[PDB]
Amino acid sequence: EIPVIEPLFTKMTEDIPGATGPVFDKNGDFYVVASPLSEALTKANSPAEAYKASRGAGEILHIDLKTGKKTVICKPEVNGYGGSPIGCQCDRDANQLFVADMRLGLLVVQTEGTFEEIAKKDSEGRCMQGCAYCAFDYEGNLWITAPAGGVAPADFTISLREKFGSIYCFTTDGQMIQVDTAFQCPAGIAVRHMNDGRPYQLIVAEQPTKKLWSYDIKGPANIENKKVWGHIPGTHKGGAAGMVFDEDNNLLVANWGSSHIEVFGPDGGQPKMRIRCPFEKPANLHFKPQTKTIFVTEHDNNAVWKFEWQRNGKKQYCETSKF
(Lines of atoms letter the chains of each structure in order from A and count residues from 1; the text may use other names and numbers.)
(Lines give C-alpha, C1' and ligand atoms only; values in the text may rest on other atoms or scores of the structure.)
Protein backbone atom coordinates (compact mmCIF):
# COMPACT_ATOMS: atom_id res chain seq x y z
CA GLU A 1 0.00 0.00 0.00
CA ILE A 2 1.36 3.46 -0.86
CA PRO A 3 1.05 5.85 2.06
CA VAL A 4 -1.13 8.95 1.46
CA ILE A 5 -1.04 12.41 3.06
CA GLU A 6 -3.90 14.93 3.01
CA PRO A 7 -2.44 18.36 3.54
CA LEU A 8 -4.48 21.57 3.66
CA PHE A 9 -5.13 23.16 0.21
CA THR A 10 -5.95 26.87 -0.02
CA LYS A 11 -7.75 28.17 -3.12
CA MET A 12 -6.04 31.14 -4.73
CA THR A 13 -8.22 31.82 -7.86
CA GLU A 14 -10.90 30.32 -10.11
CA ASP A 15 -12.59 30.71 -13.54
CA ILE A 16 -9.51 29.79 -15.47
CA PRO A 17 -10.49 27.24 -18.16
CA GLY A 18 -8.02 24.39 -18.46
CA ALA A 19 -5.73 26.05 -15.85
CA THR A 20 -2.15 25.12 -16.42
CA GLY A 21 1.38 26.44 -16.78
CA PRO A 22 1.90 27.82 -13.24
CA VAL A 23 5.21 29.66 -13.26
CA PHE A 24 7.18 32.23 -11.22
CA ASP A 25 9.40 34.69 -13.02
CA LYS A 26 12.68 36.24 -11.76
CA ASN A 27 10.82 38.98 -9.90
CA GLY A 28 8.64 36.43 -8.09
CA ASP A 29 5.53 37.32 -10.11
CA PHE A 30 3.16 34.39 -10.67
CA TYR A 31 1.57 33.47 -14.01
CA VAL A 32 -0.91 30.78 -15.06
CA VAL A 33 -2.27 29.68 -18.42
CA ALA A 34 -5.91 29.51 -19.54
CA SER A 35 -6.58 26.66 -21.99
CA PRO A 36 -10.00 26.40 -23.66
CA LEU A 37 -8.64 23.52 -25.78
CA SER A 38 -7.60 21.56 -22.67
CA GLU A 39 -11.04 21.99 -21.19
CA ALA A 40 -12.62 21.03 -24.55
CA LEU A 41 -10.51 17.82 -24.89
CA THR A 42 -11.89 16.87 -21.48
CA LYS A 43 -15.47 16.88 -22.81
CA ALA A 44 -15.09 15.88 -26.49
CA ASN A 45 -15.40 12.50 -28.23
CA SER A 46 -12.31 13.39 -30.32
CA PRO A 47 -9.43 15.94 -30.82
CA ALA A 48 -11.27 17.39 -33.85
CA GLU A 49 -14.46 17.76 -31.87
CA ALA A 50 -12.48 19.26 -29.05
CA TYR A 51 -10.78 21.71 -31.45
CA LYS A 52 -14.12 22.81 -32.87
CA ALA A 53 -15.72 23.46 -29.45
CA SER A 54 -12.72 25.42 -28.08
CA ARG A 55 -13.95 28.97 -27.61
CA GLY A 56 -10.73 30.63 -28.68
CA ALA A 57 -7.05 31.20 -28.10
CA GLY A 58 -5.58 30.49 -24.71
CA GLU A 59 -4.05 33.21 -22.59
CA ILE A 60 -1.18 33.75 -20.18
CA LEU A 61 -2.47 35.49 -17.09
CA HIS A 62 -0.61 37.29 -14.34
CA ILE A 63 -2.18 36.55 -10.98
CA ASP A 64 -1.57 38.96 -8.11
CA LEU A 65 -1.01 36.75 -5.05
CA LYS A 66 -2.17 39.39 -2.54
CA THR A 67 -5.27 40.51 -4.39
CA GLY A 68 -6.13 37.65 -6.77
CA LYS A 69 -6.53 40.10 -9.67
CA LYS A 70 -5.97 38.34 -13.02
CA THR A 71 -4.26 40.28 -15.83
CA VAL A 72 -4.03 39.02 -19.39
CA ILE A 73 -0.40 39.23 -20.35
CA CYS A 74 -0.62 37.58 -23.75
CA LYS A 75 -3.35 36.06 -25.93
CA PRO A 76 -1.23 34.53 -28.59
CA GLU A 77 -2.46 34.34 -32.15
CA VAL A 78 -0.65 34.12 -35.43
CA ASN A 79 -2.48 34.77 -38.70
CA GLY A 80 -5.95 34.27 -37.31
CA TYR A 81 -4.95 30.98 -35.58
CA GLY A 82 -5.36 31.07 -31.78
CA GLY A 83 -2.50 29.71 -29.66
CA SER A 84 -3.06 26.91 -27.16
CA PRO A 85 -0.31 27.49 -24.61
CA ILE A 86 0.06 24.88 -21.90
CA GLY A 87 3.41 24.72 -20.08
CA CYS A 88 5.80 27.59 -19.10
CA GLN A 89 9.31 28.14 -17.90
CA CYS A 90 11.08 31.43 -17.15
CA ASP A 91 14.47 32.15 -18.79
CA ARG A 92 17.54 32.89 -16.75
CA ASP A 93 19.30 35.77 -18.63
CA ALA A 94 16.16 37.73 -19.44
CA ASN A 95 12.87 37.85 -17.67
CA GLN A 96 10.86 36.24 -20.45
CA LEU A 97 8.72 33.14 -20.56
CA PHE A 98 9.22 30.12 -22.81
CA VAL A 99 5.83 28.74 -23.53
CA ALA A 100 4.95 25.36 -25.16
CA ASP A 101 1.87 25.83 -27.35
CA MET A 102 -0.16 23.08 -28.93
CA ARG A 103 -1.06 25.17 -32.00
CA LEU A 104 2.01 27.35 -32.42
CA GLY A 105 4.97 25.35 -31.22
CA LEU A 106 7.46 27.07 -28.90
CA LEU A 107 6.85 30.76 -27.96
CA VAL A 108 8.92 33.32 -26.18
CA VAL A 109 6.59 35.68 -24.37
CA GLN A 110 7.51 39.04 -22.81
CA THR A 111 5.83 40.39 -19.78
CA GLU A 112 4.49 43.31 -21.87
CA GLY A 113 2.69 40.74 -24.04
CA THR A 114 4.71 40.69 -27.27
CA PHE A 115 5.86 37.23 -28.33
CA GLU A 116 7.94 35.42 -30.96
CA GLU A 117 7.10 32.04 -32.49
CA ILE A 118 10.42 30.26 -32.28
CA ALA A 119 10.27 27.50 -34.84
CA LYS A 120 8.19 26.91 -37.93
CA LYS A 121 10.30 23.74 -38.44
CA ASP A 122 12.90 21.58 -36.72
CA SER A 123 16.58 21.24 -37.51
CA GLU A 124 16.19 18.26 -39.87
CA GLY A 125 13.68 20.56 -41.60
CA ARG A 126 10.44 18.70 -40.84
CA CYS A 127 7.37 20.68 -39.84
CA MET A 128 6.94 21.49 -36.13
CA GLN A 129 4.44 19.71 -33.85
CA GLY A 130 2.23 21.34 -31.18
CA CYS A 131 4.06 21.44 -27.85
CA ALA A 132 2.63 20.98 -24.36
CA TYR A 133 5.23 20.84 -21.55
CA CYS A 134 8.77 22.08 -21.17
CA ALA A 135 11.65 22.11 -18.77
CA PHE A 136 14.97 23.97 -18.84
CA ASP A 137 18.13 22.15 -17.89
CA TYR A 138 20.74 24.11 -15.99
CA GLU A 139 22.67 24.64 -19.25
CA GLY A 140 19.78 26.56 -20.70
CA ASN A 141 18.61 23.87 -23.12
CA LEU A 142 14.83 23.50 -23.22
CA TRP A 143 13.33 20.00 -23.34
CA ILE A 144 9.87 19.92 -24.73
CA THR A 145 6.99 17.49 -25.19
CA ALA A 146 4.94 17.53 -28.30
CA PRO A 147 1.74 15.48 -28.15
CA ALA A 148 -0.01 17.25 -31.01
CA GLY A 149 0.31 16.88 -34.77
CA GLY A 150 1.67 19.71 -36.87
CA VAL A 151 1.32 23.30 -35.75
CA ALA A 152 -1.28 25.55 -37.37
CA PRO A 153 -2.39 25.63 -40.13
CA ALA A 154 -2.60 21.78 -39.95
CA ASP A 155 -5.86 20.47 -38.49
CA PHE A 156 -5.54 19.94 -34.76
CA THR A 157 -4.81 16.40 -33.56
CA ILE A 158 -3.35 14.88 -30.42
CA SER A 159 -1.70 11.51 -29.71
CA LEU A 160 -4.24 10.55 -27.01
CA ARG A 161 -5.06 7.33 -28.95
CA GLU A 162 -2.18 6.93 -31.55
CA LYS A 163 1.59 6.97 -31.33
CA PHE A 164 2.82 10.18 -32.93
CA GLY A 165 3.82 12.49 -30.05
CA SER A 166 7.44 13.73 -30.10
CA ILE A 167 10.17 15.10 -27.77
CA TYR A 168 12.38 18.09 -28.67
CA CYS A 169 15.36 19.89 -27.35
CA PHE A 170 15.69 23.57 -28.17
CA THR A 171 19.34 24.17 -27.64
CA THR A 172 21.34 27.17 -26.48
CA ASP A 173 22.39 27.60 -30.21
CA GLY A 174 18.77 28.02 -31.19
CA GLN A 175 18.39 24.64 -32.89
CA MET A 176 15.06 22.80 -32.44
CA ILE A 177 16.16 19.15 -32.52
CA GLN A 178 13.65 16.29 -32.55
CA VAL A 179 15.09 13.77 -30.08
CA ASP A 180 12.37 11.09 -29.96
CA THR A 181 8.87 10.30 -31.29
CA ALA A 182 5.89 7.81 -31.41
CA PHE A 183 4.72 8.64 -27.89
CA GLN A 184 1.16 8.33 -26.94
CA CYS A 185 0.61 11.84 -25.52
CA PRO A 186 3.87 12.81 -23.94
CA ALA A 187 2.97 15.33 -21.18
CA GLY A 188 5.02 16.58 -18.23
CA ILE A 189 8.77 16.74 -18.47
CA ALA A 190 11.66 17.31 -16.08
CA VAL A 191 15.44 17.22 -15.86
CA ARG A 192 17.19 15.57 -13.03
CA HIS A 193 20.52 17.26 -12.32
CA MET A 194 23.65 16.06 -10.68
CA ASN A 195 24.98 17.62 -7.55
CA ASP A 196 27.31 19.74 -9.69
CA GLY A 197 24.49 21.20 -11.78
CA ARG A 198 25.13 18.83 -14.68
CA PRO A 199 21.99 17.55 -16.48
CA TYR A 200 21.73 13.77 -16.49
CA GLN A 201 18.26 12.26 -16.63
CA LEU A 202 15.24 13.29 -18.66
CA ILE A 203 11.88 12.23 -17.21
CA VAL A 204 8.90 12.27 -19.55
CA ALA A 205 5.29 11.43 -18.71
CA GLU A 206 3.37 9.39 -21.27
CA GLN A 207 -0.08 10.29 -20.09
CA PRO A 208 -2.78 7.70 -21.05
CA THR A 209 -0.25 4.83 -20.76
CA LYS A 210 0.23 5.47 -17.03
CA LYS A 211 3.97 5.48 -17.50
CA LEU A 212 6.99 7.76 -16.83
CA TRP A 213 9.91 7.27 -19.16
CA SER A 214 13.53 8.12 -18.53
CA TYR A 215 16.59 8.79 -20.64
CA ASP A 216 20.15 9.42 -19.74
CA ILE A 217 21.31 12.88 -20.84
CA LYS A 218 24.80 13.07 -22.32
CA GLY A 219 24.54 16.55 -23.74
CA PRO A 220 22.44 19.11 -25.53
CA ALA A 221 19.80 17.17 -27.48
CA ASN A 222 21.67 13.94 -26.72
CA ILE A 223 19.72 11.25 -24.94
CA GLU A 224 19.85 7.45 -24.75
CA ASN A 225 18.96 4.41 -22.67
CA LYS A 226 15.19 5.02 -22.99
CA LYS A 227 13.50 2.99 -20.13
CA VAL A 228 10.15 2.93 -18.28
CA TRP A 229 11.18 4.71 -15.06
CA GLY A 230 7.95 5.00 -13.04
CA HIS A 231 4.51 3.57 -12.70
CA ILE A 232 1.49 5.86 -12.42
CA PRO A 233 -1.42 4.25 -10.48
CA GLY A 234 -5.10 4.02 -11.46
CA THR A 235 -7.14 3.13 -14.54
CA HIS A 236 -9.02 6.45 -14.80
CA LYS A 237 -9.18 8.59 -17.91
CA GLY A 238 -5.96 10.63 -17.60
CA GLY A 239 -2.60 9.92 -16.12
CA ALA A 240 0.50 11.95 -15.42
CA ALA A 241 0.32 15.60 -16.48
CA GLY A 242 2.78 18.18 -15.02
CA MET A 243 5.62 17.35 -12.68
CA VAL A 244 8.25 19.15 -10.60
CA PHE A 245 11.26 18.22 -8.48
CA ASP A 246 11.84 19.07 -4.81
CA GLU A 247 15.23 19.95 -3.32
CA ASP A 248 15.88 16.27 -2.59
CA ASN A 249 15.15 15.32 -6.24
CA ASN A 250 11.84 13.64 -5.40
CA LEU A 251 9.54 13.99 -8.39
CA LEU A 252 5.98 15.20 -7.72
CA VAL A 253 3.59 14.35 -10.55
CA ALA A 254 -0.01 15.50 -11.05
CA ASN A 255 -2.01 12.36 -11.81
CA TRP A 256 -4.92 13.86 -13.68
CA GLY A 257 -8.16 12.02 -12.91
CA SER A 258 -6.79 10.15 -9.86
CA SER A 259 -7.28 12.95 -7.23
CA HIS A 260 -3.63 12.54 -6.29
CA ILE A 261 -0.20 13.95 -6.82
CA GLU A 262 2.30 11.08 -6.86
CA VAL A 263 5.69 11.32 -5.21
CA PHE A 264 8.61 9.39 -6.61
CA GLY A 265 12.01 9.06 -5.07
CA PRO A 266 15.13 9.61 -7.13
CA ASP A 267 15.32 5.97 -8.38
CA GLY A 268 11.72 5.96 -9.58
CA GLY A 269 9.73 2.72 -9.57
CA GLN A 270 6.44 2.92 -7.68
CA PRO A 271 5.36 6.18 -5.93
CA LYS A 272 6.73 6.31 -2.38
CA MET A 273 3.82 8.50 -1.21
CA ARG A 274 0.68 10.06 -2.70
CA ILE A 275 -0.81 13.45 -1.94
CA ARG A 276 -4.62 13.46 -1.82
CA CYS A 277 -6.11 16.55 -3.49
CA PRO A 278 -9.63 17.95 -2.90
CA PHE A 279 -10.25 17.58 -6.61
CA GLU A 280 -10.01 14.75 -9.12
CA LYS A 281 -7.98 16.53 -11.84
CA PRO A 282 -4.73 18.06 -10.73
CA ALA A 283 -3.05 19.27 -13.98
CA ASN A 284 0.18 21.12 -13.25
CA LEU A 285 2.27 22.31 -10.40
CA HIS A 286 5.15 24.64 -9.54
CA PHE A 287 6.97 25.70 -6.40
CA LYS A 288 7.11 29.23 -5.07
CA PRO A 289 10.89 29.91 -5.12
CA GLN A 290 12.79 29.37 -1.83
CA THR A 291 9.66 27.94 -0.20
CA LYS A 292 7.91 24.66 0.42
CA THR A 293 4.77 26.04 -1.13
CA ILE A 294 3.40 24.26 -4.22
CA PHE A 295 0.96 25.91 -6.54
CA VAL A 296 -1.37 23.49 -8.32
CA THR A 297 -3.78 23.94 -11.13
CA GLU A 298 -6.88 21.83 -11.54
CA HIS A 299 -9.59 21.15 -14.01
CA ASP A 300 -12.55 20.25 -11.68
CA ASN A 301 -12.94 23.85 -10.70
CA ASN A 302 -10.61 25.51 -13.20
CA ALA A 303 -8.76 26.83 -10.24
CA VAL A 304 -5.37 27.33 -8.69
CA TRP A 305 -4.53 26.22 -5.17
CA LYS A 306 -1.54 26.06 -2.87
CA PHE A 307 -0.35 23.51 -0.28
CA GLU A 308 2.81 23.11 1.80
CA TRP A 309 5.18 20.34 0.87
CA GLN A 310 7.67 18.65 3.25
CA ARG A 311 10.57 20.52 1.75
CA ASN A 312 11.65 23.31 -0.51
CA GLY A 313 11.49 23.02 -4.27
CA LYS A 314 14.35 22.40 -6.59
CA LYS A 315 15.64 25.63 -8.19
CA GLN A 316 14.48 26.27 -11.67
CA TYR A 317 16.99 27.44 -14.30
CA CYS A 318 15.74 31.02 -13.85
CA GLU A 319 16.89 31.05 -10.24
CA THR A 320 20.48 29.90 -11.02
CA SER A 321 23.59 32.07 -11.79
CA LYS A 322 25.07 32.63 -15.25
CA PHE A 323 28.58 32.26 -13.64
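Each residue number is its position in the shown sequence, starting from 1.
Checked against the record, the higher mean CA B factor of 194-202 and 231-239 lies with 194-202. Look at the mean CA B-factor for 284-292 and for 266-274 in the entry; the higher one is 266-274. Highest CA B-factor among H62, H260, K26, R55, as stated in the entry: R55. Highest C-alpha temperature factor among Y31, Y51, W256, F279 per the entry: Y51.
Sort the chain's modelled residues by C-alpha temperature factor and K306 lands in the lowest third, per the entry.
Per-chain ranking of the deposited C-alpha B factor places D155 in the highest third. Sort the modelled residues of the chain by CA B factor and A221 lands in the highest third. Ranked against the other modelled residues of its chain, the C-alpha B-factor of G130 as given in the entry falls in the middle third. The entry lists a Cα temperature factor for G80 that places it in the highest third of the chain's modelled residues.
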